[PDB]
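Peer 1: Once you've had a glance at the structure underneath, I'll fire off some questions.
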Amino acid sequence: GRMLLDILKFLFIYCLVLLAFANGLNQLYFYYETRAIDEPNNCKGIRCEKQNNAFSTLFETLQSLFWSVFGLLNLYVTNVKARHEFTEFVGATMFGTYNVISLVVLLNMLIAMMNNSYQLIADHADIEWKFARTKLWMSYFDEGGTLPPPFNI
Amino acid sequence: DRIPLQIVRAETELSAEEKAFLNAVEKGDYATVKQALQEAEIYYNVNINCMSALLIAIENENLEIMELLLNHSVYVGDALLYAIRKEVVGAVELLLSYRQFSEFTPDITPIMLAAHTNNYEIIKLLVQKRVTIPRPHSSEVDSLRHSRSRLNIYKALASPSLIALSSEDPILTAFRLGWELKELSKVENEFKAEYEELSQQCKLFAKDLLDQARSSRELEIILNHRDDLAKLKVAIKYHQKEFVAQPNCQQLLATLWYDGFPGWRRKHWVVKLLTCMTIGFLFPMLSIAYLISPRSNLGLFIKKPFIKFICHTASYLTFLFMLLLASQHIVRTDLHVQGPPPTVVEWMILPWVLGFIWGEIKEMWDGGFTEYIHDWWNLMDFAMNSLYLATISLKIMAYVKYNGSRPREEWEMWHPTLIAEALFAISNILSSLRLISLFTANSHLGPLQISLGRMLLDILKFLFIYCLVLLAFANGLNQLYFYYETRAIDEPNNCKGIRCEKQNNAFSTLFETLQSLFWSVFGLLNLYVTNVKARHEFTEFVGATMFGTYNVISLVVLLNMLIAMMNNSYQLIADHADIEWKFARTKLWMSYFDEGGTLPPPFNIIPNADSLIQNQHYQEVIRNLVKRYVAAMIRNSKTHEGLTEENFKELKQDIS
Amino acid sequence: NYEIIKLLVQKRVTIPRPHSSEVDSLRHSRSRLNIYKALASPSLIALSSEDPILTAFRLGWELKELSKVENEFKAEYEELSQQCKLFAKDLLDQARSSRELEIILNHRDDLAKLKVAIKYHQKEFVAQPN
Amino acid sequence: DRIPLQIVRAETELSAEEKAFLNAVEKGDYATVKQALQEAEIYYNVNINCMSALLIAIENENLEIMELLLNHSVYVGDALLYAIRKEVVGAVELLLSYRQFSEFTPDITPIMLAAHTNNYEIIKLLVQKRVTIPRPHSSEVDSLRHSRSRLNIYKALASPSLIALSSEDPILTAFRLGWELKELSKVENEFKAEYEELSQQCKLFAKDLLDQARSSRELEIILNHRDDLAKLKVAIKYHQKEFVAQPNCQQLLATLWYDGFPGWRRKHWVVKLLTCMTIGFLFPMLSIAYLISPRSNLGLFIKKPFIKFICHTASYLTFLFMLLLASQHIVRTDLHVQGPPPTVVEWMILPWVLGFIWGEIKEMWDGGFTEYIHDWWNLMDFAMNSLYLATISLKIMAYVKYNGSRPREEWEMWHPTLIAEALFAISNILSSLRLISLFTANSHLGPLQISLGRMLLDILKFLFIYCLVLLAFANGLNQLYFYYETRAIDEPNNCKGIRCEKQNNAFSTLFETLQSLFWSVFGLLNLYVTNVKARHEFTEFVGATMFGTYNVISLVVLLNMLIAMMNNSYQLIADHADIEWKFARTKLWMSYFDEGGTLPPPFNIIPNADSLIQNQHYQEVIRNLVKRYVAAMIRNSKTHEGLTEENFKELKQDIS
Amino acid sequence: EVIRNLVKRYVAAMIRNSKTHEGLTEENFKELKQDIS
Ligand SMILES: Cn1c(=O)n(CCCO)c(=O)c2c1nc(Oc1ccc3c(c1)C(C)(C)N(O)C3(C)C)n2Cc1ccc(Cl)cc1
Ligand SMILES: Cn1c(=O)n(CCCO)c(=O)c2c1nc(Oc1ccc3c(c1)C(C)(C)N(O)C3(C)C)n2Cc1ccc(Cl)cc1
Ligand SMILES: Cn1c(=O)n(CCCO)c(=O)c2c1nc(Oc1ccc3c(c1)C(C)(C)N(O)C3(C)C)n2Cc1ccc(Cl)cc1
Ligand SMILES: CC(C)CCC[C@@H](C)[C@H]1CC[C@H]2[C@@H]3CC=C4C[C@@H](OC(=O)CCC(=O)O)CC[C@]4(C)[C@H]3CC[C@]12C
Ligand SMILES: CC(C)CCC[C@@H](C)[C@H]1CC[C@H]2[C@@H]3CC=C4C[C@@H](OC(=O)CCC(=O)O)CC[C@]4(C)[C@H]3CC[C@]12C
Ligand SMILES: [Ca+2]
Ligand SMILES: [Ca+2]
């Protein structure tokens, strides 16, 4: 818990990069949005067995780029039924550039600064824990609140 | 069985009579040396070769015998150099008043050696005479001696005691010298360890000299001095990051940044964000007030550097929030039009686009090709406006060559409308990525943003290593699989490539093979792409072994190396992070101090007797700063390991 | 220096109270740091403080706050706060009995003294083996 | 605006005449103090309740005034402690001749304080007067005083000068004391910092004492001494890793490991393995030769510890390739046999299984029950042999309840033959994993294998935090998705669960939900499992958000935490890796020195007057080791910051 | 009363640790300057 605040600062850097690429992908793919009727077994979105409409809306595009961090977005979502080649290649290049920035650059940056923080924390770990345990102990010294919640009412 | 030992470097042995002479000198026996020097019958006396009975006298810095040799015509030679190194003032002026093996290179001069020791008293004593340091730039005739001579000269020029004694503007020469020594650590790529130490020494001297300022009046005299915040701009030019990030320099800068506005708030960070959003909402009111009335209670409120920066940020934020409302609020069904006119947003986003190009060109007059490329954030700015020019031009071309409406599935492969849409979308990514530069103004995200970009250069070195391993394996896989390329007709759903449900023709062409190995880094290439219709087991196994070997090299070896150098680089960077961020934030602040381009891009599209006194004031403050610095450094020069030797010498006088 | 400080205090000396910031910003900042550098002296606290332990608690926390508000001079204030935290910890290290330790920790200014240490985030003081 | 300053704790001030007295003793004046003392019989009340001048006399170690004060009946108090701390021998024995505030705790005695200083001369002076040390065991009162008293006693017993002077066997007491102080660093968990330093100092004393051995005869006397390689076995039981890993101790062990057979130090790396292989191939003929002719030319060859290690390894290796051959030799005839008898392989590997069980029992009782547990390679051995007992027993049971042959597709759900096959395969993994322990014998893979196991405990602590996060999220997903559980009939290929081609029912039950979140760590759970047939968009989105939150916590936060502490641990471990590996290799070597269990498991199932002189020899060597250690320690105790003070003392005599 | 004892022990220890080789050599030299006998 002592270095979850450093994670929060990083998660604001990532959210800005996520928003930048989600704007470009949605601005390129929203022309080809299809209704759920035209998709197999009336399923639309990336939660289907056959993923579709990954970048149709901004709300869907933000979820698609989140699940690509864990590799759960298939590559055929960059294809559209019109098959204009140039449009599909540009979209796949936006997707590929986002993967390089996130999974090769930003996440490795998080590892590097997480190692550095742990070195400083480990020296003071014993003092920090004993201070925290003291506050736990003194909370049970008081007479009030002895009974557990099932009986304290 | 045994290793006999002899003396190979034979020497001329000193006689027992000569040894007694040097023993008497070493013990300060005036009587013995006097009689031993009284034999003026011309025998065993000092000649041009000598033996030397003066270096030991200098070594003990006993002035009695030292004067006894000088009037007996002893060859002094380089004796002055030995006295200077000992840092004994009495012996130096004695040899001065009397004006083959050596421990000094023949290029060493008495003034050069004194500056190497950084002894203020001896350096001052020597400069009261004619002394001239040779000017640093013949390298082919003797390269070893030329390199050593150049380093010896710079080692003397970079002496704090010499700069404080003989420089009209010690601060400026320390700026120039530190820059020059930094350049020499690269061009003279062999002696970089010594030049970097010299450069770091010059940077410290200027920083420690301003640490002797005792009032704000003195500090503003120094920083506002013009050779012919001028002095602070020179420090930024020479990359004096420690000098700029001083607490007193940063404190003065913050006074001009917040100006009248009480922006010094540091309490309840929540209300800081709420208050900051207040000015941003009413930013157009401030811009028009200045436009129609420069002099007003509210007219000059935008002139505040901190207020101006918030107004420009909110104006830019409107642009990004304006393009975002173009695929969710405007285009409903006007997509079958072959060439569409600019839409309602496009007409009302156009003035923002023009302001960016005009603002970029208007600031392009200052500077030029240089000093502009080296700022990597301007490289991004060039790409956005170049792409914004292409889509605008490509939109009006399709407006004249097309009139009707056709379904998108029937358009050409490279329709101009499709091309413009692709270029416009790429610009939106670059526009939003520019918000990262705004993180420098924040004290929490500032140091992190500076650290992130400070080691992107090590990434580029690695990506060149990887790009060659990728090209090596792509050649082998394509050379093995191009025989089995199939047409899109035979594939299901008329889909060819790795962007299909069933990936196929992964290694058919070199262009496709390079993409296939890229997507395998993220695990997006399935294993069945190593299979072909002919079902030749030997060929398919070899291809899968090439694919497997590439995965091991990339995902187990190369990417783990990349992690390893981030850890090493980040440790070095983290120590200097605060100084690096404050230097970057200073350049952000000074960009809003000057009176130029104060209006946002949506609005900017509309088209001596005193100098003698200022130099006198600067010299008076400089004299006081040097006096305090010299007095302080003299006190810290004394040490217990030095006082013991002096205390022992005074205690030698027990003859009374 | 304990001996010289005691010699001067006997002559009825005083120290200005730390808080004018616009007439001379450089001189005002240096004057404030000089005052806190004297108040945070272990020899001065031991000689002229009614409750040295409480004084080091308040002073060490005050200097920690100043290391943020005076964001420019944080390096000098951090080592002043660490100095005050050490003094209180070292002072209680001289206890030779459990009766002495119980008197200190249960004293009410009006385990009261230990609750004050938790309030001021005296982590080294709290985590002492005794 | 002002802070008045006052003296709040002011004591009685020394008057002018008393202060003059104090500085007279300080400067060493005798006549002043003598005359002042000679006239101070009426106005100065020197008694048991007066103030003292003795301490300053001790401070400047001026014995003349010190001697003077005892002549006038000055209350000495605990001035002997002050003399001992100063480490001045002359003042100590002078104070010993004559039979409220203190800087020492009341529990400190002169002998205890002398041992704290580790001054050999003063400790020897005090011990000659029949002193004692209290034996260490809260109390009725002052738990603070008990803890300090106990640490003060152990700080004196752990003094190398005291051990060298008053221990019959200094090596043994340093072994016991270092072990005892290590235990106290945990039980007295509050004062662990001081006890660790004491334990490390004791372990160093024994190591430095054997460093004074000057011949192999002396080293062999020490290491083979039985108090009642016996002394080396005691060092292993007390975990004296630095003592064992000494180069001279390791050198002696190597000569016993290669019992006359070539030392194998000048062989090539590739050649090394070639002549290791030929000995392994000859293991069957070596075992039988020792069985029939133990005293033959080749019968005693297997007695060499290194040869025995190779023979046992090859015998075990034959078993592992033998199981590997079981699945590539049995015909598919037994596929449909319900209860099959043991095959050709199973019957011919049965004796080798019993050898492992017999060997396990043989060494189980030798070590007891606690020594066996504290060896993580024995837990694997117990589990591996237990599974072989169940596999053999379950095959016998299936041989009596089944006679016919039926296809496996219609077999029972929990058929005993199926259960035995699963248990047999699990033990095959454990048997092959046992080969990792053989890495200790290698100088290249040894320290790495020891490093890997040295911090698996840190993994176990981390995996307990992860299991609680896993249980938390598996609770919500099952609480949200159990309404939509579907039967296996309604699924396409009668398949239910996440092990199907189309994954389904991922969060239907708690047991299934725990497996689903495990496989998502490796990315093997598809995203469509968050979808249900009811198509309720709200619940499906909530489930995907809880699934996504679990991925962020596990794969971005927890696993990156693991990398961080795993890197920090490796830095500390890598420093001690060589010592840790050599301690482990020593235990491996000594296990082959004993005669018991010489034959491999395939063959192992076949069914005082002199002690007075040895103690005298050990004491003589111990006397020489201590004498060399004391002389070296005394010489190394000299320092520049100690020699200067005594030089000033002699120089200050100046009586001529 | 306890505070008085704690401060007294702390001051006595602080004075002892204030002594150093780098400072003791100074007044040791100064005392030897009194060579007038
Ligand atoms: C971001 N990115 C991506 O999105 N895709 C998928 C496109 C659609 O699938 C990729 O294939 C892809 C990719 N970066 C890739 O490596 C490169 C490519 C070029 C460069 C570099 C790396 C670096 C930065 C080192 N540099 O010097 C240049 C020359 C600019 N490659 C592989 C590839 C593909 C085709 C060719 Cl001709 C050459 C290489
Ligand atoms: C690169 N590579 C690969 O491409 N494949 C896929 C082939 C087509 O699917 C693999 O299976 C594969 C693989 N490296 C693998 O580990 C090995 C295998 C051999 C070695 C080593 C590692 C090292 C380098 C340590 N060394 O000492 C040798 C003996 C040369 N294995 C697994 C495997 C497969 C078959 C056998 Cl018989 C044995 C092992
Ligand atoms: C946990 N999590 C998740 O489960 N999904 C899948 C849902 C079902 O598929 C996601 O898409 C998803 C996700 N965290 C995501 O990033 C975010 C989103 C919001 C925040 C943050 C990170 C942090 C913590 C930095 N913070 O400041 C807030 C504002 C709370 N995003 C991407 C996303 C999706 C929709 C929108 Cl509107 C915005 C972003
Ligand atoms: C439509 C999308 C793309 C907008 C992205 C939202 C945020 C990531 C942006 C919008 C407003 C930005 C902020 C605008 C103004 C400020 C105040 C600024 O305040 C300071 O600390 C500097 C002034 C001072 O304290 O002296 C720091 C940067 C910050 C938070 C900016 C950081 C980035 C923010 C939060
Ligand atoms: C055969 C395949 C399935 C590999 C699995 C077994 C190996 C892990 C084992 C088998 C034989 C073992 C070796 C048998 C004998 C020795 C000699 C031993 O060396 C010495 O005692 C002297 C040389 C030195 O100082 O290193 C080092 C360990 C080693 C190589 C052993 C290391 C582990 C080995 C290679
Ligand atoms: Ca620009
Ligand atoms: Ca075992």
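Numbers in chain D come straight from Swiss-Prot, and the residues shown are 16-66, 72-119, 135-172, 184-274, 287-665, 703-751, in order.
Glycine is treated like the rest: Cβ placed from N, Cα and C.
Straight from Swiss-Prot, here's the annotation block:
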- D:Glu418, D:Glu421, D:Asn436, D:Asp439: Ca(2+) binding site (BINDING)
- D:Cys553-D:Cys558: disulfide bond (DISULFID)
- D:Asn461: N-linked glycosylation site (CARBOHYD)
- D:326-360: intramembrane segment (INTRAMEM)
- D:30-60: repeat 'ANK 1' (REPEAT)
- D:385-404: topological domain 'Extracellular' (TOPO_DOM)
- D:420-433: topological domain 'Cytoplasmic' (TOPO_DOM)
- D:498-512: topological domain 'Cytoplasmic' (TOPO_DOM)
- D:536-603: topological domain 'Extracellular' (TOPO_DOM)
- D:364-384: transmembrane segment (TRANSMEM)
- D:405-419: transmembrane segment (TRANSMEM)
- D:434-454: transmembrane segment (TRANSMEM)
- D:477-497: transmembrane segment (TRANSMEM)
- D:513-535: transmembrane segment (TRANSMEM)
- D:604-624: transmembrane segment (TRANSMEM)
Peer 1: Measuring Cα to Cα, how many Å separate D:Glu421 (Ca(2+) binding site) from D:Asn461 (N-linked glycosylation site)?
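Peer 2: It is 40 Å, counting Cα to Cα.
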Peer 1: Please report how many Å separate the Cα atom of D:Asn436 (Ca(2+) binding site) from that of D:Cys553 (disulfide bond), as a whole number.
Peer 2: 41
Peer 1: Please report how many Å separate the Cα atom of D:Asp439 (Ca(2+) binding site) from that of D:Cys553 (disulfide bond), as a whole number.
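Peer 2: Just about 38 Å between their Cα atoms.
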Peer 1: Ranked by the number of other Cβ atoms within 10 Å of their own Cβ, which of the binding-site residues D:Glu418, D:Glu421, D:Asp439 ranks first?
Peer 2: D:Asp439
Peer 1: Which bits of the chain, at least 6 residues beyond where the transmembrane segment (D:513-535) starts or stops, bring a Cβ under 8 A of a Cβ in it?
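Peer 2: Residues 565, 568, 571-572, 574-576, 601, 604-605, 607-608, 611-612, 616, 619-620, 623-624, 627-628, 631.
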Peer 1: Per residue, counting other C-beta atoms within 10 angstroms of the C-beta, which of the recorded positions D:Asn436, D:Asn461 reaches the highest number?
Peer 2: D:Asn436
Peer 1: Is any of the recorded positions D:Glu418, D:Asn436, D:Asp439, D:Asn461 near chain A, in the sense of a CB under 8 A from one of its CBs, and if so which?
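Peer 2: Of D:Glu418, D:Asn436, D:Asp439, D:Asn461, none lie near chain A.
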Peer 1: If we check Cα distances from D:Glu418 (Ca(2+) binding site), which of the recorded positions D:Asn461, D:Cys553, D:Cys558 wins as closest?
Peer 2: D:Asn461
Peer 1: Would you list the other residues of this chain near Ca(2+) - those whose C-beta lies within 8 angstroms of the C-beta centroid of D:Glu418, D:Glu421, D:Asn436, D:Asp439 - in sequence order?
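Peer 2: Sorted by sequence, the hits are D:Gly417, D:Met422, D:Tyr430, D:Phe440, D:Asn443.
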Peer 1: Near ligand 7, which of the recorded positions D:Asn436, D:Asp439, D:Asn461 are found, taking a Cβ distance under 6 A to any of its atoms?
Peer 2: D:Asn436, D:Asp439
Peer 1: Using DSSP, tally how many residues of the topological domain 'Cytoplasmic' (D:420-433) sit in helix, strand and coil.
Peer 2: 10 helix, 0 strand, 4 coil
Peer 1: Please state whether DSSP places D:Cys553 (disulfide bond) in a helix, a strand or coil.
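Peer 2: It is coil.
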Peer 1: Including all protein chains displayed, how many Cβ atoms other than that of D:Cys558 (disulfide bond) lie within 10 Å of its Cβ?
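Peer 2: Total other Cβ atoms inside 10 Å, all chains included: 15.
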Peer 1: Can you name the far-off residues of the same chain, 6+ from the ends of the transmembrane segment (D:604-624), with a Cβ under 8 Å from a Cβ of it?
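Peer 2: Long-range Cβ neighbours of the transmembrane segment (D:604-624): 513, 516-517, 520, 523-524, 527-528, 531, 534-535, 538, 575, 578-579, 588.
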Peer 1: From the Cα of D:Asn461 (N-linked glycosylation site) across to the Cα of D:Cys558 (disulfide bond), what is the distance in angstrom?
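Peer 2: Cα to Cα, D:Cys558 (disulfide bond) and D:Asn461 (N-linked glycosylation site) are separated by 34 Å.
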